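Accompanying notes for the structure given below.
FYI the Cβ positions are ideal-geometry reconstructions off the backbone, even for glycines, and counts take in every protein chain you see. What follows is calculated from the coordinates using simple rules that are stated; it is not laboratory data.
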Amino acid sequence: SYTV
Amino acid sequence: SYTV
Amino acid sequence: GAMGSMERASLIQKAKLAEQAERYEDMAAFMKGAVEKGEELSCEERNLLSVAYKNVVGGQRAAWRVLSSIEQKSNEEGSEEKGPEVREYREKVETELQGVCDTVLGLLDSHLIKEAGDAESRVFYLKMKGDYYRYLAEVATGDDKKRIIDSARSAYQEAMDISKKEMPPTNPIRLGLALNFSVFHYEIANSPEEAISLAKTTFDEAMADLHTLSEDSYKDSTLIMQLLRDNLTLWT
Amino acid sequence: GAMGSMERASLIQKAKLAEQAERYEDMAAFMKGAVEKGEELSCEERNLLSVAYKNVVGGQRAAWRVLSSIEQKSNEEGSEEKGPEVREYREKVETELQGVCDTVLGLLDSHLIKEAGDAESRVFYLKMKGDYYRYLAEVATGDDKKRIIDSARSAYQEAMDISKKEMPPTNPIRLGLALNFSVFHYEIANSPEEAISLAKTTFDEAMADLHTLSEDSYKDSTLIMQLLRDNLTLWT
Ligand SMILES: [Ca+2]
Ligand SMILES: [Ca+2]
Ligand SMILES: [Mg+2]
Ligand SMILES: [Mg+2]
Ligand SMILES: [Mg+2]
Ligand SMILES: [Mg+2]
Ligand SMILES: [Mg+2]
Ligand SMILES: [Mg+2]
């Protein structure tokens, strides 16, 4: 998954 | 330059 | 601390040099030294701190996943016994990762969060607290795993509550917080429906607020909205 | 040494795990521990040692070049004075780089080279000695710069002399040694004509020997021959  |  | 004799401004200058040189361990040590001067951090300085530790812990997480996968294959039926070395080395990387998370959480607790009064700083630091408890949760397997998970949840929830009250739905900190909390739901809390609902609602409410923004704020906001959509595409 | 209590075989196993996880600092510490067990290294083990330190020093060299370029721009006419921080941080990275080179050169001197009797090991270690003196030369600016350069030259020359006598012209160690010695001529010794002559002669003599090789040896040899050609294209 994409996180920042 | 290229080295190995 | 080894940075106690260096000027705060010099530490910030060198953190920026270290970023240019992709020396993120150095960058993190410099920013830790700057935090330990005791003064609050500006917006730029907060983002130097987060960039530095995100890169350090990101490398550790990637390495831990490689080693964990090797370890799991070694414990399948038919795999030859190879001794304790895989477990030992995975534990070594895991302990270093936990140490970095504890360092960051220590800086937030002493004393970044308690002095942060503006929404932009308080939400930023609480998101960080949620993030680094999330990374601890990724490797947790013991009797405190539930408490680590709830510590992440609690930090994210407080950050969400403030961000809803004090920031517009397009604020990049609010958006990145919602992004990461949705991933917490999907990957940590076994709550994929909550993850999907949060991502969708966050995206839709940001979309409806884009008309208020300048071109440059529009770019900042839509970049994070795309990550919400990328996750939704993975999850649905 | 911190690895003194770990089995040699365990150190090698963990070096391989660290490579898979791209943890090259760990990989280097494990291989240093293996060397310090005192036994000679097999072909595979020599290449684990070189891979590990090549990646570590490669990152340091890249960072040093970024910082050196910033420092040089800061000393141009019209650039604003920014204080000692750029020089200080470049010096910090430079000193760490020199420490890694000294560590590798220390392992070769105590006692890898003196026990290496076969051509494949002796040429490998002498190439390494030339390489790490070359990296010291890249950052040298003082009264020992000429002696550092001659130390690199001397190691490369001994390796070349043995490789010509004992290895076929397609041997990958011989080819990589000639590649790197030619770069030494071009980048360190201010001898571009010697660099070009060595690269061309090495390539042509390898070409004429390819017919003796199996498919797999052909692949190994032609890969390094392509690097000789890539340098010649840059240089001519
Ligand atoms: Ca001061
Ligand atoms: Ca033993
Ligand atoms: Mg200090
Ligand atoms: Mg553990
Ligand atoms: Mg459903
Ligand atoms: Mg030990
Ligand atoms: Mg120096
Ligand atoms: Mg000429």
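Computed quantities for the displayed model
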| quantity | calculated |
| --- | --- |
| Selected residue (criterion: nearest to ligand 3 (Cβ to nearest atom)) from residues of region D:183-202 that are surrounded by fewer than 17 Cβ atoms within 10 Å (Cβ to Cβ) and within 11 Å of another protein chain (Cβ to nearest Cβ) | D:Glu187 |
| Pairs where the first residue, in region D:1-24, is under 16 Å from C:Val93 (Cβ atoms) and the second is of a type in the set (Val, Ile, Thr), C-beta under 6 Å, 6+ apart | D:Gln20/C:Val66; D:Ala21/C:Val66; D:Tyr24/D:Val56 |
| Criterion (closer than 30 Å to C:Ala15 by Cβ, assigned to a helix (DSSP H, G or I) and not β-branched (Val, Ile, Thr)) met by exactly one of D:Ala2, D:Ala28 | D:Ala28 |
| Verdict on C:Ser151 being within 30 Å of C:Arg90 (Cα to Cα), within 14 Å of another protein chain (Cβ to nearest Cβ) and more than 16 Å from ligand 2 (Cβ to nearest atom) | no |
| Listing of helices (runs of 4 or more DSSP H) fully contained in region C:120-229 that carry 2 or more residues being within 16 Å of ligand 5 (Cβ to nearest atom) | C:172-187, C:192-207 |
| Any chance C:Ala18 is facing another protein chain (nearest Cβ under 10 Å) and in a helix (DSSP H, G or I) | yes |
| Some residue of region D:57-66 being in contact (Cβ under 8 Å) with a residue 60 or more places away in the chain, in contact with a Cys (Cβ under 8 Å, 6 or more places away or on another chain) and either within 23 Å of C:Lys82 (Cα to Cα) or more than 16 Å from ligand 1 (Cβ to nearest atom) (or both) | yes |
| Selection count, region C:1-15, where residues are facing chain D (nearest Cβ under 9 Å) and either among the polar types (S, T, N, Q) or within 16 Å of ligand 2 (Cβ to nearest atom) (or both) | 2 |
| Residue selected from region D:84-105 under the condition facing chain C (nearest Cβ under 8 Å) and β-branched (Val, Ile, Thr), by the criterion farthest from C:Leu17 (Cα to Cα) | D:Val93 |
| When residues of region C:38-84 are limited to those that are charged (D, E, K, R) and not in a helix (DSSP H, G or I), the one surrounded by the most Cβ atoms within 10 Å (Cβ to Cβ) | C:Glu40 |
| Where C:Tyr132 falls short, out of the listed (1) within 14 Å of another protein chain (Cβ to nearest Cβ); (2) touching a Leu at 6+ places or on another chain (Cβ under 6 Å); (3) within 16 Å of ligand 4 (Cβ to nearest atom) | (3) |
| Top-ranked residue of region C:136-149 - restricted to ones that are of a type outside the set (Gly, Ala, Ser) and surrounded by 14 or more Cβ atoms within 10 Å (Cβ to Cβ), ranked as nearest to C:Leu198 (Cα to Cα) | C:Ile149 |
| Qualifying residue in region D:170-182 (condition: surrounded by fewer than 16 Cβ atoms within 10 Å (Cβ to Cβ) and more than 14 Å from chain B (Cβ to nearest Cβ)) | no |
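Yes or no, residue by residue, for (1) among the hydrophobic types (A, V, I, L, M, F, W, C); (2) within 12 Å of chain D (Cβ to nearest Cβ):
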residue	(1), (2)
C:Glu25	no, yes
C:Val57	yes, no
C:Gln60	no, yes
C:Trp64	yes, yes
C:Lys82	no, yes
C:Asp109	no, no
